[PDB]
Every structure is written in structure tokens, then in C-alpha cells.
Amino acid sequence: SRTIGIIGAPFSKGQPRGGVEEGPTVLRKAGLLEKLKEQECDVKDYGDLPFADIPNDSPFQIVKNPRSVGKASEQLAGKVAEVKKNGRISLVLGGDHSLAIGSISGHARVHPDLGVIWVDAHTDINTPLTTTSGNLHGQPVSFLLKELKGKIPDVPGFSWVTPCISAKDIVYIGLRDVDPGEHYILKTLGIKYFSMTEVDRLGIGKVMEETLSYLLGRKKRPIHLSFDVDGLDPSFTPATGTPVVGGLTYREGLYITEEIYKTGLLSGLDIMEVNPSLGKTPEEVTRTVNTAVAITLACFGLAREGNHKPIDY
């Protein structure tokens, strides 16, 4: 049926603030598994990946914690590939977005033809040479693009990496805080994106129609959804590291996911950047987690119009 495989990934060295390691814990203790089991979902939790501490991981130029991040993704890519072989949609509950490198890589090992939908207020496509922060949660995409392969230096811990996607297989939704170098890359590789500008102009309805018509226009390949919690407006998911105002509405958030689910092609999912310790109040924490959970459930069947199990009431 709608089989899922849960991958907790308590990692945070992809950026400065540490609380995101707890993301898996809080979402789990929010009742996610239970809630998913309450749907036609066949759920199997593969546990929280144990991330060995790499004490010796000095900066690579300005790129911070490279070996730590590379291993974290290298380990995850393998676990992802495992559940995908067990015929389950991989659900990655993580910390920072840098894990996307491991998530998508391993997912591709199984389904190379996959298409990606990246919901985020940022493009996370900086390169070790374009980034000015050195924080890897803002560079995952660059490591995954084939077009870029050959303009990215060998970063300690990323030798295991192989560019599993071309510009033509990814769509962004939500952008509102993009770097100049990031912008240049977009227009140059002609990447499909819908910034808040396009959403405002078109409506989330058209936005979703086009994005899917874009990725599934030709063949009907498996879908990977990388959802960075900061894609939604801070008034919904405040407990996040890099929030930007003017974000996606809670309703738009649900609309995106309700539509992905209805395609029947959701192969992989990432719920990133949920940092409970950045909530200025116990409720901002609750609010953030709750939304993260609601969005996840929509990915797996939950519909605002209602749902009904096969029987005469």
C-alpha cells in the first residue's frame, strides 16, 4: 500500500546552531509514527542513525566540518538506499539540510530517474567557492548537480559523492533569500524555480500544477521532496535556524504536500531544519513541530476534505 521507512538523522554540523540534532526526538515524541499508522500507512522505523564524532575536522578553506558532514551523508545515503530496496518511501527526520546530500544520493542509487522538489526559502546551492558562510546546510544541491561536476573541489569526506541529478530534474518552491552566486547558477543552468514572487503572481494552485507538469511531463518517475521547515513563514515554523519573513502559508504548505501525495509517486521525503531550542517560547516550539508533523501526514494521505476507509458507514 503506502509503505514508509523512517530514518531519524540527529545531525547538526551542517551549520552553527546545534539544537537541530533533537529534531528527530521531538517529532517522534509528537506522535508521528502513531499518527501515520492511523492512516492506510505501513510504517517501519529504522531508528536514529548514530553519528560518530569526528574530533579532527578542521576547516577546508572556509567550509566548516567537512569530514563530519560528508560521513553523515555517506552513512545516510546507504541507509536510504536500504529502505528503498525494502520497497518503502524513505522518510528522513533530520537536523540541518546538509543531510539532503546523503538522502538524495542513496535514493538515486535505487531510482536514478528521480525528480526533486525543493521547498525552501533558500536554494542551498552555494559551492565551497561561492559560499561566504562556509556552512554546508546551504550547499547540498551543488554537490548533487551533474552540470556543476567539475567546478567543485574535492572536499574532505565527500570523495564518496557522485552527482546524481541534472538541472532539468529539480524544482524549487518558496525562495526569498537567495545569494548572488546562487542566483547566477540558477539563470545559467536554467533551473526551474518558483520564488515567492511567482507564488504571489500565480497562486499555489498554478504553481503546483506547473511544477508537476514540469517534472512528470515526460515519464512518470519517482518523486523526492526535500522540505526545509524554513520554507514556511516564521509565524508557522519559528523554531528554525535560518528563518526569512514573507514565507509560505500554512495552507500553502499543506497544499504542496497534499498535491505531491495525490500523484502517487512520492518516493523520498526530508523534513529538515526543525530546531526546538530556537523557539523563543515553549509554544513556538510546539507550533513549529506541529506544523512539521501536519505537513508530513499530508504527504502520506491526510486530506483536509477528509478521508474514508473502504466501507459503508
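Heads up: residue numbers just count along the shown sequence, starting at 1.
- Annotation for 40-48 versus 62-70: the higher mean temperature factor (C-alpha) is found in 40-48.
- On average the C-alpha atoms of 82-90 have higher B-factors than those of the other stretch, with 82-90 and 187-195 being the two compared.
- When the C-alpha B factors of 181, 174, 163, 203 are read from the deposited coordinates, the top value falls at 163.
- Annotation for 287, 262, 29, 251: 29 ranks highest, by Cα B-factor.
- The PDB entry assigns residue 150 a C-alpha temperature factor belonging to the highest third of its chain's modelled residues.
- In this PDB entry, the Cα temperature factor of residue 139 sits in the bottom third of its chain's modelled residues, the lowest group.
- Annotation for residue 158: C-alpha temperature factor in the highest third relative to the rest of the modelled chain, per the entry.
- Among the modelled residues of its chain, residue 257 has a C-alpha B-factor that falls in the lowest third according to the deposited record.
- Among all modelled residues in this chain, the alpha-carbon of residue 123 has a temperature factor (C-alpha) in the lowest third.
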